[PDB]
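Residue numbers (the working numbering), protein chains in the order written: chain X, 2 to 51; chain F, 96 to 139.
Shown next as structure tokens:
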């Protein structure tokens with residue numbers, strides 16, 4: 002597999018679970034519940050292609 | 096007997112702290128190198 006080079010990347014930011022908003026506004030926070038939050042551009046999985 | 100284990104654990108903690116400091120130093124180093132490259136980029 003491929004992962005983000007935490008050193009060589011220019012703007013690497015170690016983001017914990019408590020701050021990954023992907024699929025926001027449509028999934029519960031840190032647990033399967035009702036949808037929570039607002040829609041927003043995501044911030045997590047780092048693109049490794051494109 | 097547990098004194099040696101205490102010293103070894105202290106050694107591991109010191110190594111971890113040293114690794115963290117080394118990583119942050121390397122990060123500052125990369126930042127400085129990139130900044131210098133950008134500054135020298137505009138000159139020619």
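Beta carbons: idealized from backbone N, C-alpha and C, even for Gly.
| Query | Result |
| --- | --- |
| Element boundaries [alpha helix (DSSP H), containing residue 137 (chain F)] | 97-137 |
| Straight-line Cα distance separating residue 15 (chain X) from residue 30 (chain X) | 19 Å |
| Cutoff 6 Å; reference residue 44 (chain X); Cβ partners in own chain excluding five residues on either side | 22 |
| Chain X contact residues for residue 121 (chain F), given Cβ-Cβ distances below 8 Å | 8 |
| Whether residue 51 (chain X) touches residue 38 (chain X) by CB criterion (7 Å) | no |
| Inter-residue Cα distance where the pair is residue 97 (chain F) and residue 7 (chain X) | 38 Å |
| For residue 28 (chain X), the residue or residues it bridges with in DSSP | X:37 |
| Same chain only: Cβ atoms within 8 Å of residue 41 (chain X), ignoring 5 sequence neighbours per side | 22, 25 and 26 |
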